[PDB]
2 protein chains.
Amino acid sequence: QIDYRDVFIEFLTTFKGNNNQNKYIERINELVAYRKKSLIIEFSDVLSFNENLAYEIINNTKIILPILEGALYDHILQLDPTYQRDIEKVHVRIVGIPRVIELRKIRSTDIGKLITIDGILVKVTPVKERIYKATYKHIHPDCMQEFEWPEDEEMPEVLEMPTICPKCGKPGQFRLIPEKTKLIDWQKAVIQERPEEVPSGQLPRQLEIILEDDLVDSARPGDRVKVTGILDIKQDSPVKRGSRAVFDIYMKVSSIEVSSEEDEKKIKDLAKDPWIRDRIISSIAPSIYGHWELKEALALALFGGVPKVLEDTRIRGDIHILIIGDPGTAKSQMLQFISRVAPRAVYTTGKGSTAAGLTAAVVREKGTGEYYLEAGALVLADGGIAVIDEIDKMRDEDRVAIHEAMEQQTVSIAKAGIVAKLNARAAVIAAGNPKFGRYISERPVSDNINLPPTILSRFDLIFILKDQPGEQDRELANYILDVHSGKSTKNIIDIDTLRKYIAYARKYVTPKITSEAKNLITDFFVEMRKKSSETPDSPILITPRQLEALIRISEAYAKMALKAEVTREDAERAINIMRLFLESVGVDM
Amino acid sequence: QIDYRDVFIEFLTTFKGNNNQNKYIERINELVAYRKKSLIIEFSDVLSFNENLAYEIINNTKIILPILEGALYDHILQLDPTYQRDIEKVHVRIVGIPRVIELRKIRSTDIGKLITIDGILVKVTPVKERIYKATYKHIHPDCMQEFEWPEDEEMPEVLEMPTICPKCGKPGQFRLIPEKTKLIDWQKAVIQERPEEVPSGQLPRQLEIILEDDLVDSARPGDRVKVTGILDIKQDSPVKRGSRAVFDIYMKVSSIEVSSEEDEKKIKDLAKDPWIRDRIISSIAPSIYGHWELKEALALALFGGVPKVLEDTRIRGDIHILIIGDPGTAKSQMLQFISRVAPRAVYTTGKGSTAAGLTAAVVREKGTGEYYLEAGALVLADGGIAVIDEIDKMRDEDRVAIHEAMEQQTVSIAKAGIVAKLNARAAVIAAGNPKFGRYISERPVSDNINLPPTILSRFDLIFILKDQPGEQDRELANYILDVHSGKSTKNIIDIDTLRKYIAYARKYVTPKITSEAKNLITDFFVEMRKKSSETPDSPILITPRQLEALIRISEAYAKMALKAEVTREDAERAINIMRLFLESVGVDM
DNA sequence: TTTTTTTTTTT
Ligand SMILES: [Mg+2]
Ligand SMILES: [Mg+2]
Ligand SMILES: [Zn+2]
Ligand SMILES: [Zn+2]
């Protein structure tokens, strides 16, 4: 019952952070600068500053937030009166609630309490409007009266029309007045439980969440998020009894976090090592022995090149990798690692996917009867990585649907009266087997690969993996048994901080091509084209795409070391890795 | 008539277990310590203690369960006052009801009586909430009053709204108040009668059951369960009568069991015998003469290896077996035995299965038009065994759908806007015929098997069965006729005991590899690779998967004797069985 | 009719 508004104000005005800069007065300082009407407060900080204040938020959230938010509004007005007439209400979002519940473990005892759920966002609806205070007109020739229907109370989830006119006490018909009605932004989304916590032999569960006001459009499908709010039962058709007094539950979101400064200097410290590139390569799939050239190639695809956008066209900046190898060469294990270390990645298989599922699907809503688009795997992976294992098992009639997405990075649909064009700027990493399961060295490369030259030309690097039992079997066997015994390689960058390093590099580093790098690349391309003319039977063609592959690889090498430009050393590395690619496919220079 | 609360409390505190250790007193504090709020009792023990109490439970169940619930709750409160304010109600569940009725024999006379049904779980719905006590507000400008609608009575299965406001006696509008409403967990499941119970020439029948409160998520689809509770008629759509006074029936589950200390002593006693391994093998398919190497291989697949989960990857722990043989070699009979003895197994046929049915199917829900996922055979067999008879009859373009699930143990779907990943950690045992029905010795091994090298490398062991008539025909004929004469082989572990032994071993034994075993395995693997490279024509490739097969087989041998370590003896057995596999496919060693 | 994934008969 003690007044916490004074406690809140002194907590906000007077607080010391780890950096010792009064973290919580700069947030409100920027609150009036951009007028974002939302403040983020950590539960750990409020608990340390005042244990009693933190508890009251947890258990009395229903009737402490409006008072707490109202106190903050007055303080903001005192700081700057100009905030008036621009923002009427300010929301306070609390994160870091210790009450974390698994999606499958929610029971009746958790209804009405502030909890946190970690999951995957799978579906988002367009932003709509919700009525919380309506205005009605009594259509009865004596009344012609206006009144806000829900008195001293907001409109509930179910819309209700007055039965007795409050202005005259008589029944009749009432007409809604949209211009005098108060609205609020409304959005609906679906959260799916992570695959880690799904029990054996069961399908993942889903929960419906509601985003309102400034929380709308705060995430995109496929994101991993943490949501905090209050559970409640869902009402859809209360008018129709139809027996079955059984209801589903939904969650009213109060705050959302999508999965800091101490990371910046940690990343900067790593980039200062002259051997940072070797450390990153050694950290790719530590459980796999050998395959150093493949690990280097996979590292390049994670960083990628620099896309170019011009007045009349744009140039692809992503790097595509294709691996062909004998069974048991750990191709799938490395692809699994890539899907985990990448900040955004989608893992698909050749057999378990279709053309519609990879790019876009036209689906007809049975209710309304109209068609609309559904995002495919490549569209969802925009700005990230797409992994397509067992690509050779795809039907050729179905695999050609990704030809334009691989180069033009767009998806074109002309179906059922829908003409659309969606961005699909995603890198593609694929693996497969030769025509006869294992590579036959007694036959040409033409019949071993069994892939059209059109798709082969789209891959920046192609590596043919041969399982040759030689003298390295003992070393390989010892390494595998050590892995099974729990022994782990040391002096490697762990997956968590490696993910942060890639995300930072892809966002703030844009290397530039220097004059000396241009000469090395130009000379190499001329020799590459000249050497290819010797053997025209090979299904590998040296097209101008290969020249742009060298440019992209050179930029990726510079991006690994966080350099701002491409020097001759990065160009030399790009030529070296390209040489190994050519040797594998049988082109020797 | 009389109150048995004193008897019930006395029975709980005075009953004697098998060792007269009061097998019921230590359950009470376990209930208190973990706040499980659910206690189970055995009907045989209650009948053995007091005959009168057992009859009252078996007959007056609906008017004695709340009475015993209140008495037990009071005994808990005095034992520990902290139990209050955390659990407001404790349920007591009775099992072992003598009233057992087949699913097909239920008649109107059994309605309203405590019965028990044994069947197979097929469908389970997500957990929902059911209102048992509502709160309404009369929306009439004079009332604004809140009240609990169902007075001194639980809310019926049909949601009924008050017609006359009790607080004012007038009709009008009533608004539900979710905050003051009381809810209870609610789940719906479907049970099917056992295949051995279905009459000739008819489809199996199904029954709908309801699980509430702590009984939710008590089992997974495909389980064998025994459900006890009260039958009742189902009221689903009472809005419009439409004549049809006919109703279905459903069951309110009171206690559910799936599929112990005395068994543990029996299991541990068996493991003391030095020849337990040979004794177990002799118990595999006792009606089949010969095929000793096959029975040993099948025994290993039942136990499996030790899966390894690391911070960056996971390693398969299951063992896959492939059998190719001439018709009439008892391949199907042995596979049928594995289904009966395995704690969890799924039996499929190559011709009677599809790619979508094996892994996962995307289906359009008719009510809403939205696509959703359906679990396939491999997903339903997670943590168990999947049997695929007549694998050679599958279309090759359709058989490749299980390549991912057999090594990575995952199912990936990218179809119709759905991207998902599912766990399929199951062991695969497959059988089939050679290319020409019977094995042809003139032709090589490559054209006889007629399978791609990719699928062959996935199998830990491959055995080729040749039906060669010889001097052993008389022994085989005598054995078969003895089986038809009713004579049974003795000194074999019964199937029920063997199933318990395997389930215990797979849950509590995790063997570890010693230094001595590592040296033996490494030497043998190197020897395979050298020998394989000498004859680069066989359809069997010695990939690194073969090395991991040796580790998995060695762990299975140790797990078969409940050993915590993999000594050198288990390594020799693993090497020996692998030698026979190589000789079968014509690879000499 | 229309696009989609599925099992099925029949174009
Ligand atoms: Mg693979
Ligand atoms: Mg058969
Ligand atoms: Zn009026
Ligand atoms: Zn009233």
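Worth knowing before you read on, the calculation uses all heavy atoms, side chains too, and leaves out hydrogens, waters and symmetry mates. In what follows, every chain begins at residue 1, and chains take the letters A, B, ... in the order their sequences are listed.
Remark: B:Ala361, B:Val362, B:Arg364, B:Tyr371 in residues 358-373 of chain B come within less than 4.0 Å of DNA chain C through at least one heavy atom.
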Next item on the list: Mind running side-chain hydrogen bond (donor to acceptor under 3.5 Å, both in side chains) on A:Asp318 and A:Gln409 for me, showing each step along the way?
Entry: CA-CA 9 Å; A:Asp318 293 301; A:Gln409 317 222 277; 3.1 Å; yes

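Chain B approaches DNA chain C within less than 4.0 angstrom (heavy atoms of the protein), and the contacting nucleotides run 5' to 3' from C:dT4 to C:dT7.
The salt bridge (charged side-chain N to carboxylate O under 4.0 Å, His left out) contacts involving residues 395-409 of chain B comprise B:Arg316-B:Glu407, B:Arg395-B:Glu397, B:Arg395-B:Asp398, B:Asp396-B:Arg399, B:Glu407-B:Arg545, where partners must be two or more places apart or lie in separate chains. Screening residues 370-381 of chain A for salt bridge (charged side-chain N to carboxylate O under 4.0 Å, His left out), with sequence neighbours left out, gives no hits.
A salt bridge between A:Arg104 and A:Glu193 is present, with a side-chain N of the basic residue lying under 4.0 Å from a carboxylate O of the acidic one.
Comparing A:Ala416 and B:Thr354, the nucleotide of DNA chain C nearest to each residue sits closer to the 5' end for A:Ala416.
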Would you list the atom pairs, donor with acceptor, under 3.5 Å between side chains in residues 376-385 of chain A and any protein atom, with sequence neighbours excluded?
| unit_1 | atom_1 | unit_2 | atom_2 | d |
| --- | --- | --- | --- | --- |
| A:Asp382 | OD1 | A:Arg425 | N | 2.6 |
| A:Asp382 | OD1 | A:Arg425 | NE | 3.3 |
| A:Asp382 | OD2 | A:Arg425 | NH2 | 3.3 |

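With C1' as the reference atom, C:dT4 and C:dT8 are 16 Å apart, rounded to whole Å.
Among residues two or more places apart in sequence or in another chain, the salt bridge (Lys or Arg N to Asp or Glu O under 4.0 Å) test is passed with B:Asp118 by B:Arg194, B:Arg224.
Sugar pucker of C:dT7: south, as indicated by a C1'-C2'-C3'-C4' torsion of negative sign.
Side-chain N or O atoms of A:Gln187 include none that pairs as donor or acceptor with a backbone N or O of A:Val124 at under 3.5 Å.
Contact between B:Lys421 and A:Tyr347 at its shortest, heavy atoms only, is NZ-CD2, 3.2 Å.
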